[PDB]
Structures are given as C-alpha cells and as structure tokens.
C-alpha cells in the first residue's frame, strides 16, 4: 500500500482559511487529476464539507472521508474512522486537509506540493501544511504563471 500527499501552499505554509483555499490555480487541476485519477483519495471530513455538492464525490476516483463520527454520511464516499482503514488499495492519495496531512505524513513516500508565490501571512485558525523533515528528497520545478495573477511551482518530493 503506497501513500502520497498532494497539496498547494502559500510560501507562509498556509493551506486553508475560513473553510476554503485562499487562492485559485485553475491550471494546476490537470496535475491534480494526473496524480489522483483512478486511485483512492482520502480526505478529512472538513475538506469533504468544503467541496460543493456539485463537485463531490470527485469523479474517477474512490473517495474516502475520515471522521470520528459514527453516523457520518458523506454521500458518494466511503466513511472510515481511521486512516489505516482507508489505506487498503495499492495507491492512496491524501488530498487534505491540515489535520489529515499531519496524520498521513508518516505513512507517505511522495508529496506533490504546489507552492504559490503569495504573501499570505498566518492567521489564527488557519490550516497549515505539514513539515517535511530530512528524509525527503526532490526538486523544485520552474515557475509557472496562472491567469489568477500568481506564479506557482511544483515540488515532487519522495523518500523510501
């Protein structure tokens, strides 16, 4: 069972605020599909709730939602009460949010990280990216320009 994490962060490490992602990067959707299509995607229940009803579940992937709530209904997803329960297919991508990235990092051998060149200083209640330690290796891709007006770039990090 391989596990990867995929996220986008501002240079501050902020990934979420007010139940949403505080930028848009339409051009990076193809990369997100490329990585995740045909695989299991795992997300925390706050990330599931952040997806509009019309976009969820994400098509072409097995959607799994992590919650402690016995009852919890996430229609079009399988709800599980632990991360280890999700991790049963050959390839699983954790697609957010902050709590779940922190839970899943020990299990991961890939992180696909888009860095957005925005000064987005941290504020109370923000969701933050996990911190990568020295075990991680990988390169910094070249800058790309979004029509949203922001530069962004892709880190493909991996470890054994």
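Numbering follows the first chain given and starts at 1. Here, rigid core means the biggest group of C-alpha atoms that superpose within 1.5 Å across both forms.
**Student:** When the other structures are laid on this one by the rigid core, do the CA atoms of 93-101 or of 26-34 sit farther away in 8 other deposited structures of this protein?
**Tutor:** So, of the two stretches, the farther one in 8 other deposited structures of this protein is 26-34.
**Student:** Give, as the answer, the stretch of 111-119 and 44-52 that departs more from the shown form in 8 other deposited structures of this protein; the measure is RMS Cα distance after a core fit.
**Tutor:** When 111-119 and 44-52 are compared in 8 other deposited structures of this protein, the bigger C-alpha shift is seen for 44-52.
**Student:** Please compare 62-70 with 108-116 and name the stretch with the higher mean C-alpha B-factor in the deposited structure.
**Tutor:** Between 108-116 and 62-70, it is 62-70 that shows the higher mean C-alpha B-factor.
**Student:** Please compare 51-59 with 37-45 and name the stretch with the higher mean C-alpha B-factor in the deposited structure.
**Tutor:** Higher of the two, by average CA B-factor, is 51-59.
**Student:** Classify residue 129 as lowest, middle or highest third according to the C-alpha B-factor given in the PDB entry, relative to its own chain.
**Tutor:** Residue 129: CA B-factor falls in the lowest third of its chain.
**Student:** Taking the chain's C-alpha temperature factors as the reference, tell me which third residue 29 falls into: lowest, middle or highest.
**Tutor:** Middle third - that is where residue 29 ends up once the chain's C-alpha B-factors are sorted.
**Student:** For residue 143, return the chain-relative third of its C-alpha B-factor as stated in the PDB record: lowest, middle or highest.
**Tutor:** Middle third by C-alpha B-factor.
**Student:** Could you tell me which third, lowest, middle or highest, the C-alpha B-factor of residue 152 occupies within its chain?
**Tutor:** Lowest third, going by the recorded CA B-factors of the chain.
**Student:** Is residue 159 in the lowest, middle or highest third of its chain when residues are ranked by C-alpha B-factor?
**Tutor:** It belongs to the middle third of the chain when residues are ordered by C-alpha B-factor.
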